[PDB]
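*Asks:* Next up is a structure, given as structure tokens.
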Amino acid sequence: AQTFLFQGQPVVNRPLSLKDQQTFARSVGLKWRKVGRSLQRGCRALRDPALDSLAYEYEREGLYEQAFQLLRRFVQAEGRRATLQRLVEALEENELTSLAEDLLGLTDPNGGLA
């Protein structure tokens, strides 16, 4: 429907859902730190030392809850305006091209969202 060209790969523009938050923390795993730190420059709304308190507050569940709620931090700011574009810009730093499209569930022989 509404996609933009990113890293030479097609990607739909919209607010990430619970799937993206869960799949993210379950996909980045260790990169959860990098994506969060890369998003600091990309999004001034998350530039703050959020990752510091995020890791300590989400240190109970581990990288799972750490990155799970990390994706919601951006949606909490605006949610309506907050688009995958910002998240993708953070992955573009660590060279997570496949992770950016796969995040939305583009690893299927069809797709996911619509």
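Read-outs: derived from the displayed coordinates by stated rules, not from any lab. Positions of Cβ are generated from backbone atoms using ideal geometry, with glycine treated the same way; all protein chains shown enter the neighbour counts.
*Asks:* Provide the gained length on full extension for the span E92 to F4, in nm with one decimal, where the gain is 0.36 nm per separating residue minus the Cα-Cα distance.
*Replies:* 30.3 nm
*Asks:* Residues with beta-carbon under 12 Å from that of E59, excluding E59: net charge, scoring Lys, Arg +1 and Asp, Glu -1?
*Replies:* Values: positive: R60; negative: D52, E57, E61, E65.
For residues surrounding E59, the net value is -3.
*Asks:* Now, a different point. How much mean residue ellipticity at 222 nm does the chain get from its helices, if each DSSP H run of length 4 or more adds -39500 (n - 2.57) and you divide by all residues, to the nearest 500 deg cm²/dmol?
*Replies:* Working: 6 runs with 62 residues, N = 114.
It comes out at -16000 deg cm²/dmol, rounded to the nearest 500.
*Asks:* Which of the listed residues, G105, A50, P10, is farthest toward the dipole's positive end in the chain, when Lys, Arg count +1 and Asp, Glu count -1 at the beta-carbon?
*Replies:* Projecting each Cα onto the dipole axis, the largest value belongs to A50.
*Asks:* State, to one decimal in nm, how far the label point of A114 lies from the label point of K34, with both points 7 Å from Cα in the Cβ direction.
*Replies:* 3.4 nm
*Asks:* Can you grab the distance from the C-alpha centre of the range 1-24 to the C-alpha centre of the range 27-57, Å, no decimals?
*Replies:* Cα centres, the range 1-24 to the range 27-57: 18 Å.
*Asks:* Next question, about the same structure. Can you compute the modelled spin-label distance between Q76 and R44, with each label point 7 Å from Cα toward Cβ, in nm?
*Replies:* 2.1 nm
*Asks:* Let me check I've understood the local charge: for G105, count other residues with C-beta under 15 angstrom from its C-beta, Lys and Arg +1, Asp and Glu -1. What total comes out? All intermediate terms of the calculation are to be shown ahead of the outcome.
*Replies:* Numbers: positive: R14, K19, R26; negative: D20, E101, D102, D108.
Around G105, the charge tally is -1.
*Asks:* Given C-alpha coordinates of the chain, what is the ratio Rg to Rh with the Kirkwood estimate of Rh?
*Replies:* Result: Rg/Rh = 0.94.
*Asks:* When the dipole is taken about the Cα centre of the chain, and only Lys, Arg (+1) and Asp, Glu (-1) are charged at their Cβ, what size is it in debye, to the nearest 20? It would help to have the intermediate numbers written out before the result.
*Replies:* Numbers: 16 positive and 15 negative charges, 63 e Å.
Using only the charged Cβ atoms, the result is roughly 300 debye.
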